[PDB]
4 protein chains.
Amino acid sequence: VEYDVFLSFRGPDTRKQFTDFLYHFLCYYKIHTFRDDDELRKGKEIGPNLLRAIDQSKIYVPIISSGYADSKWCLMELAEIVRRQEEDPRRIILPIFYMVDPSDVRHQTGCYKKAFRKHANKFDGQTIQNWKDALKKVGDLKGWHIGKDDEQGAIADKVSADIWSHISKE
Amino acid sequence: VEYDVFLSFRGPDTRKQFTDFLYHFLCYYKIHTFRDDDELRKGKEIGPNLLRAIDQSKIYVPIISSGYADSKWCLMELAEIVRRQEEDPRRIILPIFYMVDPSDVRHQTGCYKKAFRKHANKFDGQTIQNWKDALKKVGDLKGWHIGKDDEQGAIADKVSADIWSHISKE
Amino acid sequence: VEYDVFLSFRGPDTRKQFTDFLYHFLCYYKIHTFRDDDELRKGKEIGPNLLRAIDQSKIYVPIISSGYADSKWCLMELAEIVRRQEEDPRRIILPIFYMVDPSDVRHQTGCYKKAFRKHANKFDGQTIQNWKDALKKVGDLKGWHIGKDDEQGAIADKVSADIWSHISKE
Amino acid sequence: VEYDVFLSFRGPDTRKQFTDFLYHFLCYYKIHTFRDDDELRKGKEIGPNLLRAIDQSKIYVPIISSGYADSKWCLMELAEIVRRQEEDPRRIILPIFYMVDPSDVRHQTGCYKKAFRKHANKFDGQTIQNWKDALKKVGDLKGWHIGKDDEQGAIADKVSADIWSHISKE
């Protein structure tokens, strides 16, 4: 009746490209999945929607993309995932890199440089250091890299069971 | 008194650069680690050495490199790792890609094509299909990708504790 | 609460290749280590950063590399290490040669010739003689040479305890 | 009245070139030094000569050369130095490499392969492994490398005081 898996991704990039199939494939294993498309903006952080499901989730599974560092709504939300995780280690994180190196995520260089080249003219000089401290630790856990040739279909089946193995056996 | 971790790597590539620290840093967490450098060749597969420790190990942790597909001994040995794993799933595998894409490992193309271009003129036409079937499934589990810029030191500490977390808590 | 060990190295050469693991292996012996990556350039010599920790350090441990004689910041900074050491001999220096002969360091010939020739068209004709006088005396103390085959891992454990032996026994 | 420093070297190589000065320069600092030239051979290991002074010495200071791995007496004698040192760590070892890399000493390869290619046809299959285990650990401590250009004179003065500093201050 509650949520056992909570996703997070980019807007226009992978909302129909691949994450959509995983939502439809996952529902075939009899588990309730949460994905959201509402652009929020109704304020700066909504409570009864995101904040509710965050504490209700069980396996936070982000999906870092190529342009995941531009939306001013994703990063600060990810800062709430990995922060809540460090307080109670009962839950886990299974990131999935996508079309990007597992090196442009630990130092925000490469395809993120100019993203933080303009993000530094608006916000505080400490809030940005809060993101780069949280975004870094995500790029150290285990994760299926998806190269240019790997099957966008076989990976889904392999990763889904790893989410279903931690539920049946508990 | 027995082995709880068994490694596997390339000869001249990463024997003295990155994998050597893994043996010296890991021994500081009070766990017995096995690494071997003897070129074997005394026959075709030694028993009391490799075959003994294989069944004695607890967490098989390979380290796929860039030229891991040339040494005849390594591949056919890896075919014995992932095969023994599929019979008893009590143990696990935590591969670590290295200076290579997580896409040139599922289809043996790219930097491996030259390798299997000459390996097909010696052995059977079925033994090769046995390797490509085993080498593929390794490139689907979780794994820390190490890009050109990631710190060769911080990764070690992060990956070591993940091997030490599955021992203390059991 | 203060620093007991202060490092110094080249930028792009050994910042992730080997010096990185030492910072992670050393922290496992419960001692606070200082390493810095900020390119400075904010002026010509920063005070509250480098100058503070220099006097706060206890065992200055440089790591001379192959291209350690090109960066305009490193040499003139090393001239401040060995100079402060000669006034109070309570502290020590444990250099570690790297991929270079212990002969190309006492006379600046070999792989340092062209770089020194270029540096002579900008600065004073006495400041350069100040470096060559300081860089020479460093290449006379004790030091673990690391050849092409020595294990990059076993050396770390051997050298770390020699830094930890001078702390526990005092 | 007893010996505070005990040397060890090759026969024809460095008996009259560099080590001879060390005996004459060192005696100018008012310390009693022991060097021996008798070829022994009167049996297999003499007692009242070598075995007496070994336990009487205070700072064992070998001088590894280029052909230090051929004489059947030197190695097995060095196996008695580093072995007695490991029981009481009150004393120390200050090796001095010479015209050789600090890499051909940790793995007995390069200029020593010919040496142990013929030494394995006479003695036991375990006594040889005893030497390679002792000769290795010597090549990990601190040591002044002497390259092709370093002054054979300035090094002596620098190394002598380091032996005299551990005597006056105690």
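Structure determination for the deposited model, as stated in its record, used cryo-EM, and the stated resolution is 3.8 Å.

### Quick look at the overall build of chain A
A count of helical and extended segments in chain A gives six helices and four strands. For chain A, the α and β elements follow one another from N to C terminus as β-α-β-α-β-α-β-α-α-α. The C-alpha radius of gyration of chain A comes to 16 Å, within 12% of the 15 Å expected for a compact globule of 170 residues. Along the longest, intermediate and shortest principal axes, the C-alpha atoms of chain A span 45 × 40 × 30 Å. Counting every position in chain A, which comprises 170 residues, the buried fraction comes to 45%. Excluding contacts between residues fewer than 6 apart, the proportion of contacts in chain A whose partners are at least 24 apart in sequence is 76%.

### Things to note about the interface of chain C and chain D
Often the size quoted for an interface is simply the accessible area lost on bringing the parts together. In this complex, chain C contributes 19 residues to the contact, which on the side of chain D involves 19 residues. Carbon and sulfur atoms supply 57% of the area that chain C and chain D bury against each other, a total of about 1800 Å² over both sides. Our enumeration of links across chain C and chain D arrives at two salt bridges. As a salt-bridge pair, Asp 150 of chain D and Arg 106 of chain C come within 2.5 Å of each other at their nearest N and O atoms. The interface formed by chain C and chain D includes six residue pairs in polar contact. Partitioned by chemical class, the residues of the side of chain C that touches chain D number five nonpolar, six polar and eight charged.

### Some words on the packing of aromatic side chains
Counted under the stated rule, the structure contains 33 aromatic pairs over all chains. A connected cluster of aromatic rings, assembled from ring pairs, spans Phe 25, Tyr 28, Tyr 29 and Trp 164 of chain B together with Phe 25, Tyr 28, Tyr 29 and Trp 164 of chain C.

### Considerations on the relation of the copies chain C and chain D
The relation between the two copies of this chain is a rotation about an axis and a shift parallel to it. Take chain C, turn it by 180 degrees, move it 0.1 Å along the axis, and it overlays chain D with an RMSD of 0.2 Å. In symmetry terms, the pair is related by a two-fold rotation axis.

### Thoughts on the UniProt feature "domain: TIR" (unreviewed entry) in chain A
Mapped onto this numbering, the UniProt entry annotates "domain: TIR" (unreviewed entry) at residues 1–167 of chain A. Secondary structure across residues 1–167 of chain A comprises 37% helix and 7% strand; the distance between its end C-alpha atoms is 15 Å.

### A look at the interface of chain B and chain C
In this complex, chain B contributes 20 residues to the contact, which on the side of chain C involves 21 residues. Overall, the association of chain B and chain C removes approximately 1800 Å² of surface from exposure, summing both partners, and the carbon and sulfur fraction of that is 58%. The three residues of chain B that bury the most area against chain C are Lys 16, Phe 21 and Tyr 28 of chain B, which together make up 36% of that side's buried surface. Remark: the boundary between chain B and chain C carries two salt bridges. Linking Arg 35 of chain C and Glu 151 of chain B is a salt bridge whose minimum nitrogen-to-oxygen distance equals 4.0 Å. In this assembly, chain B and chain C are joined by seven residue pairs in polar contact. Top contributing element to the side of chain B that touches chain C by residue count: helix α1 (residues 19–26) of chain B, with four residues. Taken together, the residues that form the side of chain B that touches chain C break down as six nonpolar, five polar and nine charged.

### Quick look at the sheet that holds strand β4 (residues 92–93) of chain C
Residue and element names in this part refer to chain C. Strand order in the open sheet formed by four strands is β2-β1-β3-β4, and the pairing between neighbours is parallel. If you trace the sheet from one side to the other, it starts and ends with β2 (33–34) and β4, each paired once. By the bridge criterion, four bridges tie strand β1 (residues 5–8) to strand β3 (residues 59–62) in an arrangement that is parallel. From the neighbouring strand, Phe 6 faces β3, where its bridge partner is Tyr 60.

### Some words on the environment of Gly 139 of chain C
Residues and elements named next belong to chain C. Tracing the sequence through the fold places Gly 139 in the loop between α5 (127–138) and α6 (154–168). Note: C-alpha distance between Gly 139 and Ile 64 (75 residues apart in sequence) is 9.6 Å. Once residues lying within four places of it in the same chain are set aside, the contact partners of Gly 139 are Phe 97, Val 105 and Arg 106.

### Some words on the packing of helix α3 (residues 74–87) of chain D against helix α5 (residues 127–138) of chain D
In a pair of packed helices, the angle between the axes and the distance between the axes together describe the arrangement. Residues and elements named next belong to chain D. One can describe the packing of α3 onto α5 by two numbers: an axis separation of 9 Å at closest approach and a directional angle of 65 degrees. The two elements α3 and α5 meet at a crossing, and its hand is left-handed. Counting all contacts with α3, which are made through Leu 75, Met 76, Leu 78, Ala 79, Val 82 and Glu 86, the residues of α5 involved are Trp 131, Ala 134, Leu 135, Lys 137 and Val 138. Broken down by class, the residue content of the contact of α3 with α5 amounts to nine nonpolar, no polar and two charged.

### Remarks on unusual backbone geometry
In the Ramachandran plot, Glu 170 of chain A falls in the positive-phi region, its phi being about 55 degrees despite a non-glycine side chain. Summarising the element assignment, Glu 170 of chain A is placed in the segment after α6 (154–168). A relative accessible area of 69% means that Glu 170 of chain A is categorised as exposed. Although it is not a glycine, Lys 30 of chain B adopts a positive phi angle of roughly 60 degrees.

Cut-offs and rules
Residues numbered from 1 in each chain as written, not as in the entry; some residues may be left out. Chains lettered and ligands numbered in written order. Part of a larger assembly, values for the part shown. Heavy atoms only, no water. Helix = DSSP H or I, 4+ residues; strand = E, 2+ residues; numbered from the N terminus. Rg over C-alpha atoms; globule rule 2.2 N^0.38 Å. Buried < 20%, exposed > 50% of the residue type's maximum accessible area, 1.4 Å probe, protein only. Contact = heavy atoms within 4.5 Å. Buried area = accessible area lost by both parts, 1.4 Å probe. Salt bridge = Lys/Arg side-chain N within 4 Å of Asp/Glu carboxyl O. Polar contact = N/O pair within 3.5 Å; in protein donor to acceptor, adjacent residues only side chain to side chain. Nonpolar A, V, L, I, M, F, W, Y, C, P; charged D, E, K, R; others polar. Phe/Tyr/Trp six-rings, centres within 6.5 Å; stacked < 30°, edge-to-face > 60°. Least-squares fit on C-alpha atoms. UniProt positions renumbered as here; feature names shortened; annotations may be inferred. Pairing = 2+ DSSP bridges. Axes fitted to C-alpha atoms, helices over the stretch in contact; angles between N-to-C directions. Left-handed = near helix turned anticlockwise from the far one by under 90°.

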